[PDB]
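Engineer: Got a sequence here, can you build the structure:
(4 chains)
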Amino acid sequence: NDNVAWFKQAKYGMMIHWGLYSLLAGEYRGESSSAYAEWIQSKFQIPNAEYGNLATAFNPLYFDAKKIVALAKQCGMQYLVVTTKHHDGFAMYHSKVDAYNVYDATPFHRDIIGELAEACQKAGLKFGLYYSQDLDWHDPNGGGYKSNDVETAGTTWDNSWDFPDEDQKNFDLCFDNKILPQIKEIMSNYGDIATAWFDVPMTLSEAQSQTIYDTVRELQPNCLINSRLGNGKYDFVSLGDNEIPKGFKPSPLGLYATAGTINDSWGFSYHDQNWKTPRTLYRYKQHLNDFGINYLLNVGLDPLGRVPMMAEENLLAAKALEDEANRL
Amino acid sequence: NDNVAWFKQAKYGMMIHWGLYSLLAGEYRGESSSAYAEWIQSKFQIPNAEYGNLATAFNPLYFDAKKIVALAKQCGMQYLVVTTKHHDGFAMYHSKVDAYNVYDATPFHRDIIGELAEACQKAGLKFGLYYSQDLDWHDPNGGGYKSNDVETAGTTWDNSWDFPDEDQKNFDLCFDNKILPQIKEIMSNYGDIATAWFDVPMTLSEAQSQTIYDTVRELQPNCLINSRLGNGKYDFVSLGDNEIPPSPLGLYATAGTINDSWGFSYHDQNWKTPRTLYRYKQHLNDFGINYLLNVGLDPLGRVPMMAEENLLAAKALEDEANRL
Amino acid sequence: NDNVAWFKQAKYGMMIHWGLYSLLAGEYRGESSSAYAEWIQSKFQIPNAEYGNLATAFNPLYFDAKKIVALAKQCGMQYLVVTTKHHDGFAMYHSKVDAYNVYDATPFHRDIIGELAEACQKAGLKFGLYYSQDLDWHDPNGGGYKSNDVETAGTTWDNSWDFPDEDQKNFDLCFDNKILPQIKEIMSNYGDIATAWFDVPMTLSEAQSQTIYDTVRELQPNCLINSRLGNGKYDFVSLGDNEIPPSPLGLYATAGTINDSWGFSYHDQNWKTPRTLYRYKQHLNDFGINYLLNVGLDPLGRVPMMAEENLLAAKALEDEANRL
Amino acid sequence: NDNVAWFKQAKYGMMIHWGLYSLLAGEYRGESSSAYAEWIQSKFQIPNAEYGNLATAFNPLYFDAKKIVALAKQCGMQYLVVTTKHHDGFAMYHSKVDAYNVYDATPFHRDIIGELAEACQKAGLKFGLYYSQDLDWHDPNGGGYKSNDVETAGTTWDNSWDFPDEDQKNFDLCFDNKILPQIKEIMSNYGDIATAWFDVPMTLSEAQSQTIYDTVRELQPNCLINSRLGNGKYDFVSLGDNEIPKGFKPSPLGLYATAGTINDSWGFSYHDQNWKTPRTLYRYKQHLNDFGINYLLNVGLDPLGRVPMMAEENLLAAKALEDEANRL
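Structural biologist: Numbers count the residues shown, from 1 in each chain, chains lettered A, B, ... in the order given. The relevant structure is shown in the block below.
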């Protein structure tokens, strides 16, 4: 595994947040989403009935994996991570296990994870995946229902509106039927997976944590796994903003990575125009790389599946400043 | 016609700019539209082939004429004007003459002009219409091709990219086949039409100007017609920002937007403050001018959050001031 | 003390953040301050030599206590709290103990705390005070030097740049010579003090905490004291955003800003909408919590245009809702 | 005069808008200025009594000609133009003719035009000047009083509030006593003047127009004069946005220049955060230079005499993109 050595020198990567939440764009019935526009279903407790129907409008005419990767490559990013399934429970790939997915449920009728995976392979970029293994608002036994004693970017961590029976909920049902199967699907198809990013488990047993680890190992041996998953079930540690240099779970390979956004939201949002300046993006990348931390910078694709104009402008301007500085 | 008397005391009205241009939202291939996001097809000379295909994505799940009118009524607006067909040539009604329309060409498969017309009738608001009688970028013989000696919010006034033959163009073909017929359609259906707003003709004969006037008169007698159409072919005059302080009825109206674009746009967040909207309305009404304030509906057919907030805040300030 | 009963029904109050930090306006040598523009001295570790010199530029021509209070009263705010001295150590009153103050050190040469105190009295508003009893970046033995094991809105909690000798620092020197004396000054002059807001002590002994409590009690008996000061040394509790849905009187209050900064800042245009301000006030008042909404005065001592607009628009919506 | 040849290859220049209007910052008594924050005195018809008093607050601690020029030079700008006196009538130099100036009337007590002129000389940049030869709101017989039949960025073109006697006004009084003398002062001192930018005359006789031309010629022979001044009294033509390629006064030397701002205001303004993107600044410069037009890009200094943070960021980012493009 010299995939470890490559990750040491990778430095820069593109993250993609895309789903049904992108269509609403941080706006619901004349009122604003939280800082996080992807959390909008939980924020307004939108019935799966209504939220799911967004799938019927999902027809991103200007989606183009080739261009998205081409941009990423031109900004010097060596890998591309993408959301296979967020908390909303909607898969952005052709899931055999659940028909609540982009291919089956939308007019678009195309596997986005597939196109990106291929585009990356052809452009010579590594391909990473992200999957919400705990939270699933579409699933009756969705995770988080025994972990609401803290506030969120929405309301509850689980779907407490469609399924108001915390006392008679059992995540084991959700894990065996959707989670473990869907993780197999994405790790089986879409060629070589170089990175796998998971959420901090809240309603997940140690068995279920170890299960996923083994599942990824058996299917994608060379795949580097994120620390969020389990304390003895990772390769590289994900540092979360407040864990950045001027408790700490040991990194035995000495691999570190920090996910960040260009504006204040991961999912796309009309009202969020607070785009980090070219200078800020370059300077933060510089700081993280100097402390041996990979910078995973997120683009939130819009309803037509385009990179927001200002997101592109600033990504390219940040590259220019970096290049100009490396000659000076 | 006491429709004249009502227009004198109308004061406030809602304008709706909605079409395929709303889906792009002032953004095309990583580059920004002009101040006017509705002019985006001309701005980037987008082939009718590509631009038209936007119709396939047009599925506004959260469109609701009832609510849009309810908002308008709550802000004190007495009439609602809507775009039947803009310069893009795409009809937002069920046009028998052209299949390039919301009902036939989109998954949505619904007559928006119809729903709004009905919603207005039931809510007790008058219903106005707007139609681009000159410019049509979808039509081979689209107007503006003999009037490019001045700059626009796009490139050329006409579709000079799909149809680059200015020398062998003839608008008479476009007028007889699409324009006059489509004006009949909207003025025939959708109940009583109280106002009709037209563009300044550039490539339109006096005959064609008088034709439309007579067509509207014959179909909608009570309908008040905008001055833009023709010098002896109107009831009320439209003042254009720089004309703010002959109308034989003594009727005047000024169209304005909440931000800087008529059509919806992501990057345009320059929403006029509640205070500005109220103060401008106050000024225009005090000089006997009707304020037609435009909402540019987004891809899901929603009133932009900040557009709603400011419209309602502007009403509050007006109400608070009328008690004080 | 029916000052307790009044605080129960007070509901709305104005907060004022003003000092030398207001002149820089979240900007230093081509680079941005934190979310908190008042913390700018710590953020860039600006020498007291340089930062203090800002006093020479402090000449706010358009400062007017009368108008500031008049605005507050028109928005329905029943009391006005003001910064006597922030972490920067610069007093905004005529301090006999330290010449590092607005009256002595500036061309302005006027006691701002005085004018506001008077303006409030004449307008029929209660007058509150805020004093940084722990942190003082101007003082050699400024507090926070044994509490840097956590991150701030600047760099260190103390002035670690002018005075880099944490090992040979002693806060007792600072407390006896500046803090206790200056607290006496503000609580002695400027008429009746109805509220007193203090910071969470980090480098303050229980003795020093009790000292301040007794000092305020002896000088301003009717004055309600904030919970931040000491666990058995308050009347009302200050809830800090994340504490929103023991107080023996059953009194609670939450401080908030209109944008994301307390001190004024050019680049911070993220003004909470009229709707947001009203709705948050409504929520807090419904849960028996007083809303203390902060205005950060600009270099000329003006209420920022958008701060005023939104405060008045928020009042309008509240009034409109109380009739509806 | 090979000053003509240098102007042909100059391409990029910095403009400085600074005065009493900068202290108000597009804000007066809770209400906003026009697009133009420098026009604020006319906008709210602020008495000379009140407006003039701003001089007492003018103490820009962080003003530094060296740094301003250093920035300009680093962005590749070959000359720096500055406002000696705008419409407000307030001179930013040590005027012997009028005590309504930065040196005499302010705590600052320093000649800004001087420091910049020197800073430019030492850094190896040419030095240009701008003077409002027609409009003067401080002068009783200020110009514009017979030209109010059109709307402005304020109210009237002249000071119609302090001096409401259009019928008994005579500009000849203003020209002989302030204008011609003050133009001599700035063209006599502050070393070599390479460029001189004037306003379109509205209330100025042909004699008075020719007078200024001759005055500049006699004092600064090598100085290139702007077309705005007079039809037979210039070297290079100033194109005003709507005169840019995809009536036209002939340019005999073939010299063209276009003034533009980074945001929508010339003078500094708090509420105007509409900063043209790095991409826009570079692309516009590219377009103008390709059509043989010099790009004069304006910085509006703030109350402390600093280049606004975002103005600097975008100027430097625009340089980076230009440099990156000239290697690619």
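
Engineer: Provide a list of residues in contact with the residue nearest to the spatial centre of chain A.
Structural biologist: Central residue of chain A (C-alpha atoms, centre = their mean): residue A:83, 3.9 Å from the mean position. Counting by C-beta atoms under 8 Å, 6 or more residues apart in numbering or on different chains, residue A:83 makes contact with A:16-19, A:92, A:130. All C-beta atoms are positioned from the backbone trio N, CA, C, and that covers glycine.

Engineer: can you give me the helices in chain A?
Structural biologist: Ranges of helices within chain A are A:3-8, A:21-24, A:40-43, A:48-53, A:65-74, A:102-105, A:112-123, A:171-174, A:180-188, A:206-219, A:278-290, A:309-327, based on DSSP state H.

Engineer: Return the set of buried residues in the first one.
Structural biologist: Right, the one you point to is helix A:3-8. In terms of neighbour count (16 or more other C-beta atoms under 10 Å in any protein chain shown), helix A:3-8 has its buried residues at A:3, A:7.

Engineer: Then the last one?
Structural biologist: Counting neighbours by 16+ other C-beta under 10 Å, one finds that the buried residues in helix A:309-327 are A:309-324.

Engineer: Which positions in chain A make contact with chain D?
Structural biologist: For chain A, the residues in contact with chain D (C-beta under 8 Å from any C-beta of the partner chain) are A:277-279, A:310, A:313, A:316-317, A:319-321, A:323-324.

Engineer: Intersect those with the contacts of chain B.
Structural biologist: Among these, chain B is touched by A:310, A:313 when using C-beta under 8 Å from any C-beta.

Engineer: Closest one to residue D:273 out of the residues of chain A next to chain D, please.
Structural biologist: residue A:277 (12.2 Å; C-beta to C-beta).

Engineer: could you measure the closest one against residue B:324, distance?
Structural biologist: Distance check for residue A:277 against residue B:324: by C-beta to C-beta, to the nearest Å, it reads 44 Å.

Engineer: go on, residue A:254?
Structural biologist: Residue A:254 is 69 Å from residue B:324, by C-beta to C-beta.

Engineer: Over to residue A:61?
Structural biologist: When residue A:61 is compared with residue B:324 (using C-beta to C-beta), they lie 51 Å apart.

Engineer: residues in contact with residue A:161?
Structural biologist: Going by C-beta under 8 Å, 6+ apart, the list of residues near residue A:161 reads A:45, A:47, A:155.

Engineer: coming back round to it: between all of the buried residues of helix A:309-327, which two are separated the most?
Structural biologist: A:309 and A:324 (22.5 Å).

Engineer: Now whichever residue of the stretch 101-250 of chain A sits closest to chain D: closest residue in space, sequence neighbours ignored.
Structural biologist: Closest to chain D within the stretch 101-250 of chain A is residue A:123: 18.6 Å, counting by C-beta to the nearest C-beta. Counting by C-beta to C-beta, 6 or more residues apart in numbering or on different chains, residue A:69 is the residue found nearest to residue A:123 once chain neighbours are left out, at 4.4 Å.

Engineer: next one: residue A:156
Structural biologist: Closest residue in space to residue A:156, ignoring its immediate chain neighbours: residue A:148 at 5.1 Å, by C-beta to C-beta, 6+ apart.

Engineer: who are the neighbours in contact with that neighbour?
Structural biologist: Residue A:148 touches A:156-158, A:160, A:166, counting by C-beta under 8 Å, 6+ apart.

Engineer: Kindly report the same for residue A:301.
Structural biologist: So residue A:301 contacts A:16-18, A:22, A:60, A:63, A:68, A:268, A:307 (C-beta under 8 Å, 6+ apart).

Engineer: out of these, which is most surrounded?
Structural biologist: Counting neighbours by other C-beta atoms under 10 Å in any protein chain shown, residue A:268 leads those with 29 neighbours.

Engineer: phi, psi of it?
Structural biologist: phi -60, psi 150 (degrees, to the nearest 10).

Engineer: list the contacts for the closest residue to it other than its chain neighbours?
Structural biologist: Spatial nearest neighbour of residue A:268, excluding adjacent residues (C-beta to C-beta, 6+ apart): residue A:300 at 4.1 Å. Residue A:300 sits next to A:17-18, A:22, A:37-38, A:261, A:263, A:265-269, A:308, A:311 when contact means C-beta under 8 Å, 6+ apart.

Engineer: Which ones among the residues you listed lie within strands?
Structural biologist: A:17, A:261 (DSSP state E).

Engineer: ok, of the contacts of residue A:300, which one's closest to chain B?
Structural biologist: Nearest member of the contacts of residue A:300 to chain B, counting by C-beta to the nearest C-beta, is residue A:308, at 7.3 Å.

Engineer: Hmm, residue A:302 and that closest one touching each other?
Structural biologist: Yes - the pair residue A:308 / residue A:302 is scored as a contact, 5.9 Å apart, by C-beta atoms under 8 Å.

Engineer: what residues do those two have in common as contacts?
Structural biologist: In contact with both residue A:308 and residue A:302: A:268, B:27, B:266, using C-beta under 8 Å, 6+ apart.

Engineer: is it true that the first one touches residue A:33?
Structural biologist: The one in question is residue A:268. No - Residue A:268 is not in contact with residue A:33 according to C-beta under 8 Å; the separation is 10.6 Å.

Engineer: Need the residues touching each of these two.
Structural biologist: Common neighbours of residue A:268 and residue A:33 (C-beta under 8 Å, 6+ apart) are residue A:26.

Engineer: Run a quick neighbour tally on residue A:271.
Structural biologist: For residue A:271, using other C-beta under 10 Å, the count is 17.
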